[PDB]
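Just one chain follows, in the form deposited without this ligand, and it is written as structure tokens.
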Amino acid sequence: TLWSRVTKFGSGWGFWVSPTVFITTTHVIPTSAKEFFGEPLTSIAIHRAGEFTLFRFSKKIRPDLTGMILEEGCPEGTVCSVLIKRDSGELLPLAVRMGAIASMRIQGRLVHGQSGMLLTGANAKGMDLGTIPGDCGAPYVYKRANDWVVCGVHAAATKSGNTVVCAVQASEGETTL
């Protein structure tokens, strides 16, 4: 059911944490939008923290979903899965061994995130073994005990290596877009 939460959004994707909470990477958000999912901006509580943006709606947009745990990154060494959905209809889950949470500057943008190494390896070639432009917003998830946890959204990666970066939520964040 995890895949059902990954939604196409703007130039990337977003993830439904619950019926009222949607997270995504700031960069991919549709520009000058008057509303989202039929809901007027004034009825949405937007939390924009750098490259991590969270939308909290007044009503249930995805009432078919249960509420998941959202945390600010994960312990270093955790092996997560980045749930990459493609317009081709392909669902591409990729294991990533997470590194440290750190402030970063990626192509002119300040990114509070966590780097990770794709298990497909540095020698891995092909879009089916790594992330590519258009994949931002994809969720980084993992299971702790009996609970599923989402700890970030895809923000960047090296062009020829196996290093990726997911933006992570922060306490401070703007209220507008």
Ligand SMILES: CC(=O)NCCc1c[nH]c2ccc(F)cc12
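Note that residue numbering begins at 1 and tracks the sequence as displayed. Only residues modelled in both forms are compared. Under this definition, the rigid core comprises the largest set of C-alpha atoms superposing within 1.5 Å between the forms.
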For the higher mean C-alpha B factor in the entry, choose 89-97 or 103-111. 103-111
128-136 or 65-73, whichever carries the higher mean Cα B-factor: 65-73
Note to self: of 11, 20, 24, 160, the C-alpha temperature factor tops out at 160
Would you check the entry's CA temperature factor for residue 49 and let me know if it's in the chain's lowest, middle or highest third? highest
Could you look up the Cα B-factor of residue 33 in the entry and say which third of the chain it sits in: lowest, middle or highest? highest
How does the C-alpha B factor of residue 118 compare with the rest of the chain: lowest, middle or highest third? lowest
Please say which third, lowest, middle or highest, residue 141 falls into when its CA temperature factor is compared across its chain. lowest
Entry-reported C-alpha B-factor of residue 2 relative to its chain, by third, is middle
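As for the form solved in complex with this ligand, it is not shown, yet the points below apply to it.
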My understanding is that this ligand gets transferred in the bound PDB entry by a local C-alpha superposition; in that placement, do 3 or more ligand atoms come within 2.4 Å of this form's backbone or C-beta, making it blocked, or is it open? open
How about residue 148: is it within 4.5 Å of this ligand in the bound PDB entry, going by heavy atoms? no
Might residue 61 be said to contact this ligand in the bound PDB entry, defining contact as any heavy atom within 4.5 Å? yes
In the bound PDB entry, residues of 100-130 near this ligand [heavy atom within 4.5 Å]: none
Superposing the core, which one of 127, 122, 45, 69 shows a C-alpha shift reaching 2 Å or more between the shown form and the other one? 122
Compare the position of the CA of residue 27 between the shown form and the other one after a rigid core fit and state whether the shift reaches 2 Å. no
After fitting the rigid core, is the C-alpha of residue 59 off by 2 Å or more between the shown form and the other one? no
Just checking, between the shown form and the other one and with the core aligned, does residue 111 shift 2 Å or more at the CA? yes
Classify the change in Cα distance between residue 28 and residue 125 in the bound PDB entry as closer or farther, relative to the shown form (magnitude of 3 Å or more). closer
So the CA-CA distance for residue 156 and residue 125 moves by at least 3 angstroms in the bound PDB entry. Closer or farther than here? closer
Suppose the core is superposed; which segments, at least 3 residues long, show C-alpha displacements of 2 Å or more throughout between the shown form and the other one? 86-89, 102-112, 121-126
